[PDB]
């Protein structure tokens, strides 16, 4: 009887593994990107930093925070796809000139475009990623593509 039940359970699990794998592909198309254990997903629209940040946190995640070249490339795919620069999670709002993650830790990876960050006009504390994958500090009030990570 146990052997009978174990077999039924094995089949149920195998079915779920197959169904789940197909479902993951469906979910990620066309607004998501999986890289490592991280998943980037764009909302498809633009918002200023504070609004974008709240949407991500309320959804149980946070604004895109690429921590490696591999993550940045995955994120860049969505930006290129929507042809819209996106906001990253990092800012130097606390200490001008020092960009940090929402936790408060210092950047462990960066991909600044030449000359950036430059605090243009003395008011750029947020970061945007261009279609070429490079970063630029930009005013938090501007509207950029919303991309969260989970």
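Here the rigid core means the biggest group of C-alpha atoms that line up within 1.5 Å when the two forms are laid on top of each other. Numbering follows the first chain given and starts at 1.
6 to 14 versus 125 to 133: which one's CA atoms end up farther from this form in 9 other deposited structures of this protein after a core fit?
Looking at 6 to 14 and 125 to 133 in 9 other deposited structures of this protein, the bigger mover is 6 to 14.
Taking the recorded C-alpha temperature factors, which stretch has the higher mean, 48 to 56 or 24 to 32?
If you average the C-alpha B-factors of 48 to 56 and of 24 to 32, the larger mean comes out for 48 to 56.
If you average the CA temperature factors over each stretch, which comes out higher, 80 to 88 or 96 to 104?
Higher of the two, by average CA B-factor, is 96 to 104.
Can you tell me which of 129, 126, 19, 9 has the highest Cα temperature factor in the record?
9 has the highest C-alpha B-factor of those listed.
CA B-factor ranking of residue 68, expressed as a third of its chain:
Tercile = highest for this residue's CA B-factor.
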